[PDB]
Structure formats: C-alpha cells, structure tokens
Amino acid sequence: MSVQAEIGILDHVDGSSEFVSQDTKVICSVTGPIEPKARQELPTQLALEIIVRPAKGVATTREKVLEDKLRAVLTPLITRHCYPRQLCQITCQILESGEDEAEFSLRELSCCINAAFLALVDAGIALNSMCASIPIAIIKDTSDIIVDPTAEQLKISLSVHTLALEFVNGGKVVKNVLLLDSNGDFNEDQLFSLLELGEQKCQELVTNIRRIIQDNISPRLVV
Amino acid sequence: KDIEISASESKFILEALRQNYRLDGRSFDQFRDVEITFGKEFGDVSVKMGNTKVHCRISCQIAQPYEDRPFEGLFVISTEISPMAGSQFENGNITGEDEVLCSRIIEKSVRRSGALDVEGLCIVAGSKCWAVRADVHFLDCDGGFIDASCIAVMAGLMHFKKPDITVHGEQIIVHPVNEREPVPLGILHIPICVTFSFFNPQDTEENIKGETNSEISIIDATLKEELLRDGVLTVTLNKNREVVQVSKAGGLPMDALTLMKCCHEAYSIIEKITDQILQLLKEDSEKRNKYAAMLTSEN
Amino acid sequence: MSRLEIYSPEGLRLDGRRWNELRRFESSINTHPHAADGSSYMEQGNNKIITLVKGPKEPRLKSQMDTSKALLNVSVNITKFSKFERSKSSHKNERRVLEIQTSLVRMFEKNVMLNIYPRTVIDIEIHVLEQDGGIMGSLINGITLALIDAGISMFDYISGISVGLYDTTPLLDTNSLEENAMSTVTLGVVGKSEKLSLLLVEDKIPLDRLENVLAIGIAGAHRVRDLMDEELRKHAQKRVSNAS
Amino acid sequence: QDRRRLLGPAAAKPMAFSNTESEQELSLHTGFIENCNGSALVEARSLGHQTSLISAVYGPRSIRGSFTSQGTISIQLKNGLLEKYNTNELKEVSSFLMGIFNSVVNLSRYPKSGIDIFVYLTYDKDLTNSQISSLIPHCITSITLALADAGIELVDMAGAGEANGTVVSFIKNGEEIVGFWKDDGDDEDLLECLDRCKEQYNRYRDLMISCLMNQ
Amino acid sequence: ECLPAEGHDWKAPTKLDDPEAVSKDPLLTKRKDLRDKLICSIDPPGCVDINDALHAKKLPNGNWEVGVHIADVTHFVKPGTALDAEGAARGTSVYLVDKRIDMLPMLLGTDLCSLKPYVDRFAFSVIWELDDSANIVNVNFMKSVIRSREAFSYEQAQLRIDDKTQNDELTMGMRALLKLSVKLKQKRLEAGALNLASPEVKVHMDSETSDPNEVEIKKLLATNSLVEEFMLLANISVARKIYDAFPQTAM
RNA sequence: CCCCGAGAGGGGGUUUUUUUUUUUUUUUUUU
C-alpha cells in the first residue's frame with residue numbers, strides 16, 4: 001500500500017492529480033462546474049462527462065467499461081444537486097498499465113478511482129464523503145488473498161477484485177460500498193474474507209490520502 | 001467551447017510585441033527549454049516545454065504487412081486530443097482544422113519522411129512483421145503542440161527497444177527481454193519541428209499593399225500568443241542541413257525572405273535540440289547499465 | 001534512379017517544356033450561373049477543376065452563425081476518376097483532403113473581406129475532374145477566380161504554383177511524372193507581391209536550394225496572376241460592351 | 001479492428017462450406033413489443049423459402065428539424081441474423097415502402113410529428129438447397145399491422161402480392177394501386193401479374209383484418 | 001575539365017587566413033596546420049601516387065603523438081561531377097607489372113593529391129595520443145595541410161633506421177613509429193589477428209631488354225610492418241568515428 | 001444604437017444534438 005500521489009499538476013484544468021500504485025500510473029483532470037451541452041443537461045443535477053484513455057492504442061469498448069464503473073463510484077460521491085443544469089468533465093489518462101492489459105484491467109480501474117477522487121478534491125467540487133479503491137486477487141495454489149497484487153501475481157490468479165468504499169467521520173466509518181467488481185471463481189466464504197481484509201486496507205488508504213491532500217492543499221490556503 | 005479574449009488583452013499583447021516584449025519574458029527568436037524524461041519501460045518519454053506537457057508511448061506487436069508492401073512493417077502515429085489539455089478541445093475531435101493540421105505535420109515529419117526504418121520492421125517477407133505504434137498524449141496545453149509532439153515521437157522511437165524475435169518456418173518465437181536483451185529501432189534521420197507565429201501590427205491594407213514590411217514573427221508561441229496570431233509556419237529540419245517539410249497553410253501573407261530567415265533560425269534550434277536528445281539518451285543508457293551492474297553485484 | 005530524361009542536356013523536359021514555362025493555363029468564368037453565385041472552370045495542363053461559390057447566404061443552422069463575420073467553408077471533391085488508376089475508396093473524409101480544405105480556408109480568411117458579410121455563409125464546393133500534378137496550385141487559382149465571379153470582396157489575387165527540384169535544377173509547373181521523381185514546393189503568392197499565403201513542402205529539400213526554388217515559384221505565380229487577370233478583364237469587357 | 005465492437009482477431013477468416021403455382025401460408029401476431037407504439041410479427045413458409053420478419057413503429061414523436069402541418073414518415077429495413085442484403089437494396093425497398101404508406105397514412109392528423117417504422121428482416125432462410133422481391137409483400141403486411149396496432153390512422157388496409165419478380169400493392173378492394181415494382185420477369189406479362197398479386201393481396205388483407213380483430 | 005584551372009602549378013595557400021584564399025575556400029578556416037610536423041612517406045621505389053604519410057613526436061607528459069596523414073582527394077573530386085562519376089565507375093585502380101590504370105587523372109593522383117615531399121599538400125589527418133604500450137588515450141580527426149620531409153623507399157627507410165648514423169629529429173621519430181608498430185601488432189596477435197600469406201613473385205625487367213627475363217620474390221621488411229600497423233590504426237579510428245556520426249550510411 | 005406617434009407613450013436588435021479508419025506510378029598493407 002505504498003502509493004504515491006501529486007495534486008494540482010495541470011494548468012488549464014480546474015483540478016488534476018497523478019496517482020501511482022506500483023507500476024500503474026494514472027493522471028486525471030477535472031473541469032467543472034461549467035456550461036453543459038444540450039444533450040448533457042440535467043434540469044436538477046450535475047452532468048458527468050467521464051473519459052478514460054488507455055496507455056496503448058486508442059479508446060475501445062474496454063475503456064467504455066472503465067468509464068461506466070468509474071461513473072458508478074463518482075456519481076454518489078458528488079453532491080450533484082448543488083450544480084443544476086451544469087457540467088463536470090472528468091478525464092483519466094492511464095500512462096502505465098502496471099498489468100497485462102490483454103488480460104486484466106484491475107489496477108488501472110482502482111488507480112483511476114483514486115485519481116479521479118483526488119482530482120475532484122483539487123477542483124473544489126462538493127463531495128458527500130471520501131473514497132478509496134484497492135485491487136485484490138486470489139491464487140489457487142496459495143489460497144491467499146493478496147491486496148494490491150503485482151502483474152506477475154495476477155497471471156497466476158483465480159479471481160480478481162476491485163473494491164471501492166465510501167468513508168465518513170475522519171475516514172473511520174464505511175458509509176457504503178461504492179463498487180465491488182468480482183471476477184473469476186470464488187465462494188461465499190472467500191467473498192467476506194475478502195471484504196474484511198479489503199475494508200482494512202481501504203481504511204489505511206483513506207488515511208494516507210487524507211495525509212496527501214492536506215500536505216498539498218494547506219500551503220495554498222491561509223492561516 | 002470558446003476562449004473569450006477581451007479587446008484589452010488583444011491590444012496589450014500585440015502592443016508588447018511592438019515594444020519587443022513577450023509575456024513569458026522570452027526572446028522573439030527564443031525557443032522554450034525542452035525537458036525530456038524517460039520512464040522505466042522503453043518507449044516511454046515525457047516532453048515538457050514550459051507549461052506544455054506531452055507524453056509519448058511507443059509500442060509494437062506482431063502483425064502482417066500489406067499486400068502492396070511485403071518487405072515493409074507497419075507504423076502509425078496517434079495524436080488524439082482530450083479535454084485534459086483544456087476544455088477548448090472536444091473529446092475525439094479528429095476532424096477539426098487545427099487537429100488535422102497537427103496530425104498531418106507530424107505524419108509528414110516522421111512517417112512520410114522515413115525517419116523510421118520500416119524495412120527493418122520485417123521479420124518474414126509478406127508474412128509477419130513488426131507494427132510500431134506511437135501514441136502521443138496531450139496532457140497540458142500552453143502552445144507548441146506540434147514541436148512538442150515531434151520531439152516526443154522521435155525521442156520515444158530512439159529510446160524504444162523491441163524484443164528479439166527468431167523465426168522458423170511459420171512459427172514465431174518471441175524472446176522475453178530477460179532471457180535476451182531487446183533490439184533498438186532503425187532511425188534514418190532525426191526530424192525536429194520549429195513553429196513560427198506571425199502578427200500583423202497594422203491593418204490588412206498595409207499587409208497587402210504596404211511598402212515596408214512590419215509583420216512580427218516569434219518562435220514557439222505560448223497559448224496566449226497562439227490565440228492572437230495571424231499566421232502560422234511549421235518548418236522541420238535535421239542535422240544534415242535539409243528541410244524535411246515546410247507548412248504555411250494560409251494565414252497572414254508573409255515575405256519570402258522572412259520565411260527563409262525563419263528556416264535558417266530554426267536550423268540553429270534543431271541542432272541544439274538534436275544533440276540534447278542524444279545526450280539524454282546516453283545518460284539514460286549509462287543509468288540503466290550502472291543499475292544493472294549494481295543489481296548483478298549484490299545479487 | 002530514373003531511366004527517363006526528366007531534364008535532358010538539351011534543356012528539354014518529358015512533355016517538351018523548358019525549365020521556366022507555365023502549362024497551358026486556360027481559365028473560364030461564369031460556367032455555372034444556375035448552380036452558384038460564382039463559378040470557375042480551371043484547365044491548367046491536364047488538370048480539370050470545377051469551382052462553385054455559393055453565397056453569401058443564410059446559414060442552414062442558426063447555431064453556426066457569426067455576427068461579426070461570414071462563415072467560410074471549402075469542400076474539395078477529388079473524384080475517383082481523377083487519376084489514371086481509379087481509386088476504390090472515397091477521399092471525402094481522407095485526412096489529406098481535410099488538410100487541403102482547411103489550408104484553403106486559412107488562405108482566404110485573410111483575403112476575403114468576411115467582416116463586411118456578417119450573419120452569412122460562403123460555401124465553396126470544388127470538383128476535381130482530372131489530376132496531373134500541381135493540383136494544390138490549381139485549387140488556389142480556381143477559388144480566386146470563382147470568388148471574384150461571385151462579386152465577393154477581397155484584397156488581392158492569390159495565385160498558386162508548384163516548383164520541383166530535380167537535382168540542382170528547378171522545374172516550374174511540374175506534372176505527375178515529375179512530382180513522382182522529385183521533391184516539389186507549392187507556393188501561394190498574394191497579388192504581385194513577394195508575400196506568401198501558402199508555403200507547402202512535403203518532401204526533402206536541401207536548405208540551400210529552398211530560397212532559389214521560392215524565387216522561381218514567385219516569378220511563375222506572378223505570370224499565373226497575369227493570365228487570370230487578363231482572362232478576367234476580357235470577360236468583363238465583353239459583358240460591359242454587351243450590357244452597356 | 002473497430003473500436004466500438006468486438007470483431008475478434010484480424011487474421012481470422014469466416015467459415016466457408018463445401019460439397020462432399022404453389023400455395024402460401026403465413027402467421028400473424030401484433031403488439032408484443034412494449035418498447036414502441038406498434039409492432040408486428042409476420043412469418044411465411046412456402047416451397048423452399050421461409051421468412052420471419054418483425055416490424056416496429058415508433059411515433060408519433062417530436063420532430064426537431066422543421067414545422068409541419070402534416071406528419072413525417074421514415075422506414076428503415078435492417079438485415080437479420082444470417083441472410084444478408086446489400087444496403088443499397090434495403091434502401092431502395094425502404095423508398096418504395098415510403099411511397100406506399102404516404103398514400104395510406106392519414107398524415108393530416110399528426111402535425112410536427114414523426115412516425116419512424118422499423119422492419120427487421122430477422123430470419124430469412126433460403127432452402128433451395130434479386131431475392132428481395134419476394135419479401136416486399138410481407139414487409140407491407142407487417143408495416144400495415146404495426147401501424148394499425150400503433151393506432152395510426154390508415155385510409156385503407158394496404159396489402160400486396162408477388163408474381164414472377166413483379167410486386168404490386170393494392171388498396172380499395174384491389175381497385176387502385178399504391179405501388180408497382182418489377183425486376184427481371186418476362187415480357188407482356190403485366191395482366192397476369194396483376195391478377196395473381198391481387199389474389200395474394202386479398203388473402204393477406206383478410207388475414208390481417210382477422211388478426212387485428214380477433215387477437 | 002573538373003580538374004583545377006591552375007594545373008600542375010597548383011599550390012596550397014601560404015597563409016590559411018588570406019582574404020583571397022578564404023574567399024575561394026571558405027572551409028579553409030577549418031583546415032589545421034601541420035606543416036611544422038615531420039612527415040615522411042614510406043612507399044615502393046617507383047611510387048609516384050602517395051596516399052599515406054606518417055610522423056611521431058614525444059609529448060611532454062610521457063605519451064606519444066602519432067599522426068597518420070591521408071591524401072585529401074575529397075577536396076578535388078566533388079559528387080555529381082563527371083570526375084566523381086568515372087571515379088565511382090572504376091571503383092579502384094588496377095596494378096600490373098606492365099602498366100597502371102589509374103582511377104583518377106594523372107594530374108590529380110600523381111601530383112595535386114599525392115603527398116609528395118618538399119611541397120605543401122592538403123591532407124586528412126588522424127592524430128592519436130597513446131602511451132608507451134600503444135594504448136589509445138584519445139583520437140582526433142582533422143583536415144590539415146602538411147609538407148612531407150622525405151619520400152622514403154621500404155629499403156631506404158629500413159637502412160636509415162639500421163645504420164644508427166643519424167640522430168636527426170626525423171629519424172628519431174621514424175624509430176619511434178617502428179617501436180609502436182611492434183607493440184600494436186603484438187596486441188592484435190594477442191587479440192586474435194590472423195597471419196595469412198601469399199607473397200606473389202615480382203617480374204624483374206632487364207634495363208637492357210624490354211622482354212622479361214628474371215623472376216624474383218618481394219621480401220617483407222620491418223618497414224612494411226611499420227606502415228601496415230599505422231594504416232590499420234588509422235582505418236579503425238576513422239571507422240569508429242564515421243559510424244558514430246552516421247550510424248546508418250557509414251562506408 | 002433602430003422603427004411608428006410631434007412633445008417624456010408604444011414596437012423590435014436575432015442561443016442549443018444525429019452516422020469509424022487506408023490514400024498516387026581467396027585475408028591484410030603499400031603500390
């Protein structure tokens with residue numbers, strides 16, 4: 001869980017970030033609230049334009065799924081009723097997969113969730129709470145649950161998991177499970193053991209994120 | 001989505017040019033300091049010019065050559081813009097005026113010019129070959145996208161290394177990097193782009209029928225200077241003292257001798273830039289070798 | 001390596017021309033009165049170009065409307081039968097064509113007085129019937145003529161020309177064979193001036209030869225301007241004679 | 001290949017196989033698509049060719065483009081699962097169908113509205129161990145059923161028939177013609193085709209009315 | 001016609017900064033001056049077309065300064081000309097006992113480019129700085145102008161070293177070159193250099209009779225190994241330099 | 001700033017969806 005992030009790296013965007021876990025590096029940018037296109041307009045709430053760009057080649061249907069899952073996480077996080085008939089552009093440029101993209105998209109999704117959240121924080125957009133996402137995997141010979149697995153570990157995995165939780169009260173109370181994307185062969189006992197260990201490492205991540213956010217933003221503010 | 005520019009800002013930036021002043025404090029003939037950072041993987045390069053940030057990634061995969069060219073490999077360059085560089089850019093807008101121009105400048109500078117040895121991308125004639133792909137990612141826009149991309153693509157191609165392949169009959173044997181070292185690409189020449197921006201300090205009448213020329217030309221304009229220019233010129237050269245391509249697609253009519261002056265001024269810049277790229281590649285190679293020695297020693 | 005005499009020791013080219021002579025340049029004004037406000041049929045060598053100027057008129061969509069200037073649009077239709085070998089696919093969305101259209105717009109935006117036609121649109125449709133080298137220069141001449149026929153105000157003529165560089169030698173007004181055998185430079189020259197609206201180099205050219213090539217092109221473009229101006233006054237004079 | 005679909009590997013090649021008057025009966029169903037306003041299922045089986053096509057009517061809905069005293073109608077044919085036709089040929093039939101229902105649909109009752117009619121050529125089996133001409137009468141039957149199921153006003157039950165590459169659609173008890181189509185065929189066979197098609201038109205119209213009522 | 005208009009009375013400019021000389025040759029400022037060096041050429045008796053010229057000095061830091069000087073043919077033959085065309089066509093000059101079919105005109109190959117003694121001649125020079133064990137510390141390539149002290153023969157050069165007669169700065173340098181060559185040859189042998197052989201016979205011709213009567217054998221003197229070792233050294237350093245500059249079109 | 005009444009009335013100054021990428025002719029050195 002030795003992640004590293006930077007905040008406010010882009011000039012022509014309201015907010016930006018660069019999240020790095022292992023070899024997975026994703027840069028994200030957020031502009032909003034701004035004027036929306038007519039087809040995007042929502043009478044009462046904020047409209048989200050979510051874009052995911054791959055590390056190699058052009059955006060395909062694969063990234064279209066990454067956009068969809070990332071939408072399921074960011075939508076309830078943002079206090080959308082504060083910005084009626086308005087738009088918020090959220091762009092993720094995956095710079096380095098950190099995994100075999102022909103087989104997995106686990107680490108890229110988690111890194112996009114964490115980066116998007118950080119970019120939303122930087123942009124100063126109304127959020128109902130905080131959030132953290134981690135990738136998890138299981139190995140058949142080992143029987144182990146490995147949090148933040150490497151690319152080599154994924155190759156020999158039986159199941160891959162993306163867990164993103166919603167935290168409140170100083171990152172101590174799990175408000176809800178924003179996203180759990182479990183793929184592969186697994187049983188009910190493995191699922192809850194995954195959720196128990198997953199919640200712990202997620203809570204540790206929020207604490208680390210809270211540290212990063214305060215370290216970067218506080219110099220900008222005044223005492 | 002438009003960028004609103006007040007009359008005051010338009011008059012100020014133009015008047016500053018009339019007083020030999022540009023906002024960033026540079027010189028009319030001064031090119032921005034280019035910073036080149038290589039990632040862990042080969043083909044991963046990050047180019048930075050002031051606030052302008054671009055990232056290029058070189059990749060390749062086994063593919064079959066076209067019927068017309070059985071001895072040549074495949075090579076494509078992608079430069080899709082995104083709202084990350086600014087909300088002025090539409091996501092996936094690959095038919096806009098500026099987009100198509102930029103796409104065509106890079107293509108004529110690298111692809112068409114034959115900067116990459118596509119003949120050396122062939123494994124077995126008319127059957128299997130390498131398909132090199134250059135993906136440019138525009139992170140942050142402060143002008144000079146064309147110059148930043150051309151450096152990003154070239155630095156990437158010269159830094160990239162493809163895995164060794166042995167072929168017997170139909171079968172293809174893709175050797176992993178650890179078992180045997182990867183092989184660099186073949187570069188015939190190193191094309192570098194330098195973009196000039198033109199400003200008419202007077203009116204159109206004095207540009208068309210005016211006796212003495214007074215049009216201002218600056219090298220490597222920022223976003224603000226780029227939005228207020230009347231004409232653009234992109235000239236590509238290499239250390240061999242040859243013009244790879246020149247593109248002044250319309251805009252402010254400019255004196256021929258002035259355009260020639262720009263080409264000679266750009267040549268001094270591309271020389272410094274090319275040598276700079278080579279040096280950063282050597283040090284990167286020395287860095288990777290020194291770590292390889294420190295990894296084998298302790299091992 | 002060319003086995004053909006691109007430039008013989010006798011100073012003669014494959015078609016018979018010398019280094020310095022333009023190709024039959026025949027212009028034609030008011031060719032499509034019932035189809036456009038302005039029209040021109042260009043024959044520069046084997047090149048055959050129909051140019052239609054439609055406007056200034058009401059935009060079809062109020063979303064695309066400028067209250068300070070007219071909207072200038074150019075669409076180049078390179079037909080599938082323009083070249084000896086018929087192209088299977090269309091060129092309508094070809095990047096090469098989009099750049100050409102964009103280039104032409106960027107040229108005449110600084111020549112056509114769009115500011116005096118606010119809340120209007122000028123649509124320029126081009127059909128290339130036959131192609132044989134220097135198609136870009138011919139496209140420029142076709143638009144300039146058609147725009148004038150439409151009575152649309154502009155500051156000056158824009159003449160287009162191409163110049164090849166075979167070895168040391170510079171060849172004015174090159175054809176398809178010469179372009180395939182050497183690098184060429186396409187030049188757009190404003191009026192009689194030395195100012196270039198368009199400088200286009202797509203192949204390798206030594207830095208030392210470029211200035212001389214430009215000098216040849218500008219001189220040749222001035223002759224194209226004279227031919228365009230001549231044919232235009234001729235068409236004008238007859239109309240004046242018959243109308244008055 | 002395509003960035004919007006999964007078409008698989010490019011080196012893959014499709015599987016190619018090797019070698020080692022008659023009465024017509026049809027089945028009719030309407031209103032089984034909750035997604036739209038009107039829908040119809042038309043299945044026909046005869047000799048060495050069976051056809052199962054589905055029609056769907058969407059309208060009257062809003063029109064962005066222009067003001068209209070009367071309604072606007074669009075017809076689009078889509079290729080089905082296995083049998084395929086040229087896009088040009090499907091467009092041509094669409095145009096032919098538009099002309100027919102612009103003579104039947106009471107457009108005056110739907111100002112500034114759009115009636116978009118879709119016909120899916122779902123399953124067209126060719127069992128013979130321009131074929132599009134034999135599908136045309138079944139399309140008209142489906143569109144007529146779907147429009148009536150949608151509640152769109154019709155001047156009369158438009159039906160058709162096919163005989164030797166000649167297709168002709170009738171209204172008003174076969175007194176008048178709302179569309180005439182002829183490919184291939186023979187010479188001076190107009191009178192014979194009109195009679196044979198009117199017989200099919202009458203049979204189709206009876207089954208259609210029987211379907212719109214009893215079902 | 002591609003030959004210099006001067007003819008046989010062509011001469012390298014006395015001053016390399018002279019206005020007239022710089023006006024005609026703007027590249028003359030890049031030309032180094034090594035006419036103070038002690039250059040000599042070791043070639044067969046009847047050799048008029050001299051390609052290579054050697055010299056040696058002892059630097060104050062203990063190391064040796066070795067310079068191999070090659071005829072500056074490029075300055076006279078330019079790409080595109082008919083002279084260059086015929087030069088490429090022939091590829092090389094053939095050597096017979098009878099005659100000698102030259103690749104380039106006599107005026108150019110026997111005189112203007114030929115590194116003759118007692119005259120100022122243009123040359124492409126390669127200068128090394130190496131220790132006593134013949135190990136290269138550094139190497140520089142430069143177009144220069146030289147003046148050959150003496151055009152020795154292989155037998156004449158060997159005798160001068162052998163005698164011990166002359167203490168002259170030139171002969172002292174000639175001995176030094178021989179010392180380096182032995183070290184250089186030895187390193188190559190240790191490295192894995194081959195030692196093939198095919199000493200063909202030389203058709204002796206009587207002065208008295210045009211018809212040939214005697215067949216002898218050419219003997220390899222130590223001066224032959226002297227020249228060979230430094231020619232190889234020159235070719236190697238140049239090969240490394242040109243390939244570093246032009247990795248894709250290096251001859 | 002603009003149009004209609006002879007005197008502080010009236011009328012106008014112009015907003016939003018549709019459809020993918022190629023591209024021309026017997027080693028080595030001096031001779």
# chains A, B, ... in the order shown; residues from 1 in each chain; ligands from 1
>>> select_by_dssp(residues="stretch 55-246 of chain E", states="alpha helix (DSSP H)", output="ChimeraX atom specification")
/E:82-90,106-107,154-163,169-191,222-245
>>> closest_atom_pairs(of="chain F", to="chain C", cutoff="10 Å", atoms="only C-alpha atoms (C1' of nucleotides)", output="CSV")
residue,atom,partner,partner_atom,distance
F:14,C1',C:62,CA,9.4
F:15,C1',C:63,CA,6.9
F:16,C1',C:63,CA,6.9
F:21,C1',C:94,CA,9.2
F:22,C1',C:89,CA,8.4
F:23,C1',C:94,CA,7.3
F:24,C1',C:83,CA,7.7
F:25,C1',C:180,CA,7.6
>>> select_by_dssp(residues="chain C", states="strand (DSSP E or B)", output="VMD selection string")
chain C and resid 25 to 26 29 38 to 44 47 to 57 71 to 78 112 121 to 130 154 158 to 166 169 to 172 183 to 190 195 to 201 205 to 206
>>> interface_residues(of="chain D", to="chain B", cutoff="12 Å", atoms="only C-alpha atoms", output="JSON, numbers by chain")
{"D": [9, 10, 11]}
>>> write_last_selection(atoms="N, CA and C atoms", output="PDB file, in the first residue's frame")
ATOM      1  N   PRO D   9     -10.030 -11.438 -33.792  1.00  0.00           N
ATOM      2  CA  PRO D   9      -8.728 -11.310 -34.462  1.00  0.00           C
ATOM      3  C   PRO D   9      -8.871 -11.044 -35.953  1.00  0.00           C
ATOM      4  N   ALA D  10      -7.924 -10.312 -36.528  1.00  0.00           N
ATOM      5  CA  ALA D  10      -7.995  -9.907 -37.931  1.00  0.00           C
ATOM      6  C   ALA D  10      -7.549 -11.008 -38.885  1.00  0.00           C
ATOM      7  N   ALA D  11      -6.658 -11.877 -38.415  1.00  0.00           N
ATOM      8  CA  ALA D  11      -6.139 -12.962 -39.241  1.00  0.00           C
ATOM      9  C   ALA D  11      -7.161 -14.082 -39.404  1.00  0.00           C
TER      10      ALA D  11
END
>>> residues_around(residues="residue E:203", least_positions_apart="2", cutoff="10 Å", atoms="only C-alpha atoms (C1' of nucleotides)", output="number ranges by chain")
E: 97-98, 200-201, 205-206, 212-218
>>> write_last_selection(atoms="N, CA and C atoms", output="PDB file, in the first residue's frame")
ATOM      1  N   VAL E  97      52.281  -5.312 -63.729  1.00  0.00           N
ATOM      2  CA  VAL E  97      53.721  -5.143 -63.868  1.00  0.00           C
ATOM      3  C   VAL E  97      53.991  -4.246 -65.070  1.00  0.00           C
ATOM      4  N   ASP E  98      53.177  -4.420 -66.107  1.00  0.00           N
ATOM      5  CA  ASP E  98      53.276  -3.621 -67.320  1.00  0.00           C
ATOM      6  C   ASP E  98      52.937  -2.162 -67.033  1.00  0.00           C
ATOM      7  N   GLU E 200      53.339 -13.053 -53.638  1.00  0.00           N
ATOM      8  CA  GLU E 200      53.499 -13.320 -55.064  1.00  0.00           C
ATOM      9  C   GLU E 200      54.832 -12.809 -55.600  1.00  0.00           C
ATOM     10  N   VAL E 201      55.276 -13.401 -56.702  1.00  0.00           N
ATOM     11  CA  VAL E 201      56.560 -13.054 -57.298  1.00  0.00           C
ATOM     12  C   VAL E 201      56.503 -11.715 -58.026  1.00  0.00           C
ATOM     13  N   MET E 205      62.449  -6.809 -64.652  1.00  0.00           N
ATOM     14  CA  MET E 205      62.638  -6.453 -66.050  1.00  0.00           C
ATOM     15  C   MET E 205      64.040  -5.905 -66.259  1.00  0.00           C
ATOM     16  N   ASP E 206      64.764  -6.486 -67.208  1.00  0.00           N
ATOM     17  CA  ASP E 206      66.107  -6.019 -67.513  1.00  0.00           C
ATOM     18  C   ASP E 206      66.045  -4.630 -68.132  1.00  0.00           C
ATOM     19  N   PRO E 212      60.851  -9.617 -70.588  1.00  0.00           N
ATOM     20  CA  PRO E 212      61.149 -10.022 -69.211  1.00  0.00           C
ATOM     21  C   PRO E 212      62.007 -11.282 -69.172  1.00  0.00           C
ATOM     22  N   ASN E 213      62.971 -11.326 -68.257  1.00  0.00           N
ATOM     23  CA  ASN E 213      63.898 -12.450 -68.182  1.00  0.00           C
ATOM     24  C   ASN E 213      64.038 -13.048 -66.784  1.00  0.00           C
ATOM     25  N   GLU E 214      63.848 -12.223 -65.759  1.00  0.00           N
ATOM     26  CA  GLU E 214      64.071 -12.665 -64.385  1.00  0.00           C
ATOM     27  C   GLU E 214      62.810 -12.607 -63.526  1.00  0.00           C
ATOM     28  N   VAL E 215      62.626 -13.629 -62.696  1.00  0.00           N
ATOM     29  CA  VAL E 215      61.525 -13.666 -61.742  1.00  0.00           C
ATOM     30  C   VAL E 215      62.062 -13.817 -60.322  1.00  0.00           C
ATOM     31  N   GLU E 216      61.893 -12.774 -59.515  1.00  0.00           N
ATOM     32  CA  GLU E 216      62.365 -12.788 -58.135  1.00  0.00           C
ATOM     33  C   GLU E 216      61.196 -12.784 -57.156  1.00  0.00           C
ATOM     34  N   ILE E 217      61.502 -12.605 -55.875  1.00  0.00           N
ATOM     35  CA  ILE E 217      60.472 -12.564 -54.842  1.00  0.00           C
ATOM     36  C   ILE E 217      60.612 -11.329 -53.955  1.00  0.00           C
ATOM     37  N   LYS E 218      59.493 -10.655 -53.702  1.00  0.00           N
ATOM     38  CA  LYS E 218      59.489  -9.477 -52.843  1.00  0.00           C
ATOM     39  C   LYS E 218      59.610  -9.873 -51.377  1.00  0.00           C
TER      40      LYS E 218
END
>>> interface_residues(of="chain A", to="chain B", cutoff="12 Å", atoms="only C-alpha atoms", output="ChimeraX atom specification")
/A:8-18,22-37,49-59,87-98,119
>>> closest_atom_pairs(of="chain E", to="chain F", cutoff="12 Å", atoms="only C-alpha atoms (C1' of nucleotides)", output="Markdown table")
| residue | atom | partner | partner_atom | distance |
| --- | --- | --- | --- | --- |
| E:41 | CA | F:30 | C1' | 10.1 |
| E:42 | CA | F:30 | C1' | 7.9 |
| E:43 | CA | F:30 | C1' | 5.8 |
| E:44 | CA | F:31 | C1' | 6.4 |
| E:45 | CA | F:31 | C1' | 9.3 |
| E:46 | CA | F:31 | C1' | 8.5 |
| E:47 | CA | F:31 | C1' | 6.5 |
| E:48 | CA | F:31 | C1' | 9.1 |
| E:49 | CA | F:31 | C1' | 8.2 |
| E:50 | CA | F:31 | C1' | 8.8 |
| E:51 | CA | F:30 | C1' | 9.0 |
| E:52 | CA | F:30 | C1' | 8.8 |
| E:53 | CA | F:30 | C1' | 11.1 |
| E:93 | CA | F:31 | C1' | 10.3 |
| E:94 | CA | F:31 | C1' | 10.0 |
| E:95 | CA | F:31 | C1' | 7.5 |
| E:96 | CA | F:31 | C1' | 9.8 |
| E:97 | CA | F:31 | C1' | 10.6 |
| E:99 | CA | F:31 | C1' | 11.9 |
| E:100 | CA | F:31 | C1' | 9.7 |
| E:102 | CA | F:31 | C1' | 11.6 |
| E:152 | CA | F:30 | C1' | 12.0 |
| E:153 | CA | F:30 | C1' | 10.3 |
| E:154 | CA | F:30 | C1' | 9.1 |
| E:193 | CA | F:28 | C1' | 10.0 |
| E:194 | CA | F:27 | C1' | 7.7 |
| E:195 | CA | F:27 | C1' | 8.1 |
| E:196 | CA | F:27 | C1' | 6.2 |
| E:197 | CA | F:27 | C1' | 8.2 |
| E:198 | CA | F:27 | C1' | 9.5 |
| E:199 | CA | F:28 | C1' | 11.7 |
| E:220 | CA | F:29 | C1' | 10.5 |
| E:221 | CA | F:30 | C1' | 11.7 |
| E:222 | CA | F:29 | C1' | 12.0 |
| E:223 | CA | F:30 | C1' | 10.1 |
| E:224 | CA | F:29 | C1' | 7.1 |
| E:225 | CA | F:29 | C1' | 7.7 |
| E:226 | CA | F:29 | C1' | 9.3 |
| E:227 | CA | F:29 | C1' | 7.0 |
| E:228 | CA | F:29 | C1' | 4.4 |
| E:229 | CA | F:29 | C1' | 7.9 |
| E:230 | CA | F:29 | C1' | 9.4 |
| E:231 | CA | F:29 | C1' | 7.4 |
| E:232 | CA | F:29 | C1' | 8.1 |
| E:233 | CA | F:29 | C1' | 11.5 |
| E:235 | CA | F:29 | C1' | 11.6 |
>>> residues_around(residues="residue E:121", least_positions_apart="5", cutoff="7 Å", atoms="only C-alpha atoms (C1' of nucleotides)", output="list in words")
residues 12, 113, 115, 145, 146 and 147 of chain E
